[PDB]
Amino acid sequence: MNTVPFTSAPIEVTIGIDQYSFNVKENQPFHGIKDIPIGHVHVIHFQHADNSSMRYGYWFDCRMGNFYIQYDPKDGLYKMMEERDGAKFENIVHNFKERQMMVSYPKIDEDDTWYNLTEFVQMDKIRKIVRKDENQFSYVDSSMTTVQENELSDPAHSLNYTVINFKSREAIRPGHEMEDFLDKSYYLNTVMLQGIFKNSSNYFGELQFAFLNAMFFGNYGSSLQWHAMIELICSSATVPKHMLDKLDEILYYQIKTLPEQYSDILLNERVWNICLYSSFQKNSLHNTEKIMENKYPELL
Amino acid sequence: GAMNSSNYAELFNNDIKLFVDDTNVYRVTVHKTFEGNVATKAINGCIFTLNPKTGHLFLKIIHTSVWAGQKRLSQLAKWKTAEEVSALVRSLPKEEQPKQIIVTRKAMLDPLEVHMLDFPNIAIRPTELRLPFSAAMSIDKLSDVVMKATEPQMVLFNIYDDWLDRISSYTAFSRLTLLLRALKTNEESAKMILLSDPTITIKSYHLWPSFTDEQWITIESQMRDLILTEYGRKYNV
């Protein structure tokens with residue numbers, strides 16, 4: 001079990017930790033979050049009471065250092081920071097628990113949700129998409145653009161997702177134009193899986209990371225990337241059977257976890273009907289198809 | 001973006017552009033088999049590729065052999081059209097390559113776009129206009145050379161004959177579409193009108209008769225009248 005203390009909470013904010021969240025009042029005595037499960041990535045995120053715009057947050061892994069949160073009044077936001085002094089850190093943590101000023105990461109033991117959303121997400125891969133290698137954690141917010149969005153402006157703040165483009169030389173082998181555009185198996189399996197991602201688990205991790213960034217920050221470019229990755233698989237006639245079974249679980253828990261009221265911007269009508277009903281893989285996402293029909297029948 | 005009545009005159013500026021019409025690429029007859037089922041028999045088709053500024057027509061004949069042993073033919077037709085359009089572009093010297101290609105049907109955007117990936121600076125565009133290029137097989141000499149072909153072949157024409165020697169592109173194109181529109185709505189009558197007078201002939205190197213200026217005016221009026229008659233008939237107006 002790991003802890004993330006907070007120096008203070010000067011301004012009214014809704015704090016999130018993975019899929020949980022709490023309201024915290026201006027200068028209420030709040031000093032952090034305890035009992036966080038070691039072994040998965042996490043994300044602590046924020047929404048100021050004054051600016052319902054701009055959700056922002058930090059991805060992190062407790063095995064990679066001792067992290068805490070401190071409000072910066074020049075920059076006006078809660079910042080993640082690392083304490084290199086082991087003793088000094090256990091000292092602050094121990095005393096704050098003693099004073100019992102910490103909320104508990106509220107995991108129900110039956111619940112595998114957070115594991116199911118993050119199964120394939122690895123902190124080393126996040127730090128290649130959010131490049132800022134003086135820090136062991138990664139900052140993301142609502143307005144950050146992707147690299148592909150920058151092509152069609154400051155690269156320091158870019159989401160360096162893997163670029164997928166169905167109408168590109170990368171995707172289409174000369175002489176197999178028609179074949180490669182209706183059946184993207186070449187693109188998925190040789191170019192993307194064997195070429196760039198090396199294995200299905202990195203692919204799925206980026207897919208999963210992309211979904212959470214869209215869900216937790218309304219990052220529009222992250223939604224776009226999640227749907228592109230889904231589209232690529234469903235539009236491939238030849239997919240490893242284990243990938244098809246994993247994708248059905250992955251999507252199932254993502255649909256399950258989505259806020260009901262956000263279904264209109266977060267779900268691309270075209271991709272889902274194609275995945276579920278038109279594509280090669282229409283019959284291979286039985287769990288995802290059933291949850292979608294019973295929860296969002298209108299979108300289809 | 002899309003071509004419509006607003007941006008009509010772009011066609012006649014000095015940027016090279018082509019129309020591509022694919023409605024005659026895949027042509028079938030429908031008949032009954034001995035057991036009484038329905039079957040298709042394909043006939044020769046054509047890609048209708050046209051520079052509306054200069055009249056140059058690139059008529060790419062599509063021989064039935066192309067379809068042999070293939071499925072989802074109507075879908076393949078779109079992809080063969082783009083394959084053939086792409087090859088035409090690539091055969092042409094750089095300074096003759098079009099800057100835009102306008103498809104008369106939106107289904108051709110994605111196949112052409114893919115086939116033209118090697119030409120990122122050529123824009124593939126839809127159109128909102130309702131152009132009558134489907135009626136190209138109602139021009140006797142084009143249908144003759146399509147139907148006689150024994151192999152894939154490209155045949156070049158100028159669809160304006162020698163009109164540009166006396167009129168502007170805008171006018172030439174309006175005349176072409178008026179004549180094709182008439183052909184499409186009532187071929188028998190449109191062809192009657194063009195040919196009634198046996199003393200106005202078609203030059204061997206031409207598609208249409210050698211009308212004088214005055215006679216084109218009578219003809220365009222007769223074509224107009226034909227088109228409005230058929231409209232009233234279609235809708236009881």
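Naming: A, B, ... by sequence-line order, numbering from 1 per chain.
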Between B:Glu83 and B:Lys80, is there a side-chain N and carboxylate O pair less than 4.0 Å apart? yes
With rounding to the nearest 0.5 angstrom, report the CD1 to NZ distance, A:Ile36 to A:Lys107. 14.0 Å
Any salt bridge linking B:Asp110 with B:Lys78? Criterion: basic side-chain nitrogen under 4.0 Å from a carboxylate oxygen. no
For residues A:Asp183 and A:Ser236, is any side-chain donor paired with an opposing acceptor at under 3.5 Å? no
With a 4.5 Å cut-off on side-chain heavy atoms, are A:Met64 and A:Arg127 touching? yes
Using salt bridge (charged side-chain N to carboxylate O under 4.0 Å, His left out), reason through B:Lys53 and B:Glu10 one step at a time and then give a plain yes or no. CA-CA 10 Å; B:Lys53 178 81 182 182; B:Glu10 193 176 2; over 6 Å; no
Report yes if the side chains of A:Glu249 and A:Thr288 come closer than 4.5 Å at any heavy-atom pair, otherwise no. no
Just say parallel, tilted or perpendicular for the rings of A:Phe120 and A:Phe204, cut-offs at 30° and 60°. tilted
Residues two or more places apart in sequence or in another chain: which of them pass ring-ring contact (aromatic ring centres under 6.0 Å, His included) with A:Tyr253? none
Ring centroid separation A:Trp272 to A:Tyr296 under 6.0 Å: no
According to side-chain contact (heavy atoms from CB on, under 4.5 Å), who are the partners of A:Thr113, at least two apart in sequence or on a separate chain? A:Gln19, A:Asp111, A:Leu117, A:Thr257
Atom pairs and distances, side-chain donor-acceptor, residues 131-140 of chain A, under 3.5 Å, sequence neighbours left out:
from     : atom 1 : to       : atom 2 : distance (Å)
A:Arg131 : NE     : A:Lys128 : O      : 2.9
A:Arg131 : NH2    : A:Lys128 : O      : 3.2
A:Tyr139 : OH     : A:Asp141 : OD2    : 2.8

Can you check salt bridge (charged side-chain N to carboxylate O under 4.0 Å, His left out) on B:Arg105 and B:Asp21, steps first, answer last? CA-CA 7 Å; B:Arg105 310 203 281 170; B:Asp21 180 75; 5.3 Å; no
Report the relative orientation of the aromatic rings in B:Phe19 and B:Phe173; use parallel for angles under 30°, tilted for 30 to 60°, perpendicular for over 60°. parallel
Qualifying disulfide bond (SG atoms under 2.5 Å apart) pairs, either residue in residues 237-300 of chain A, two or more places apart: A:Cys234-A:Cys275
In this structure, CD1 of A:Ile274 is separated from NE2 of A:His227 (nearest 0.5 Å) by 11.0 Å
Any chance you could measure A:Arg55, atom CZ, to A:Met215, atom CE, to the nearest 0.5 Å? 10.0 Å
What about the rings of A:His45 and A:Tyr58, do their centers lie closer together than 6.0 Å? no
Approximate separation, where rounding is to 0.5 Å, of B:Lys106 NZ and B:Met108 CE: 13.5 Å
A side-chain contact here means heavy atoms from C-beta on lying under 4.5 Å apart; do B:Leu109 and B:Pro126 qualify? yes
Report yes or no: is the cationic atom of A:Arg173 (NZ for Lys, CZ for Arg) closer than 6.0 Å to the six-membered ring centre of A:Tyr186, at no more than 45° off its axis? yes
Please report the interatomic distance CE(B:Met3) to CG(B:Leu129), rounded to the nearest 0.5 Å. 4.5 Å
Quick note, side chain to side chain donor-acceptor pair (under 3.5 Å) partners involving residues 60-69 of chain B, not counting sequence neighbours, are B:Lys60-B:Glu84, B:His63-B:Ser65
With the side chain counted from C-beta on, respond yes when A:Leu212 and A:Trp59 share a heavy-atom pair under 4.5 Å apart, and no when they do not. yes
To the nearest 0.5 Å, atom CD1 of B:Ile61 lies from atom CE of B:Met147 at 10.5 Å
Contacts of A:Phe181 meeting ring-ring contact (aromatic ring centres under 6.0 Å, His included) (sequence neighbours excluded), chain-then-number -> B:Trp79
Exactly one candidate in A:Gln122, A:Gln225, A:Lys125 meets side chain to side chain donor-acceptor pair (under 3.5 Å) with A:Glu206; the answer is A:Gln225
Run A:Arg270 and A:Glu231 through salt bridge (charged side-chain N to carboxylate O under 4.0 Å, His left out) and show every step you take. CA-CA 10 Å; A:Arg270 174 192 73 84; A:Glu231 193 162 359; 2.7 Å; yes
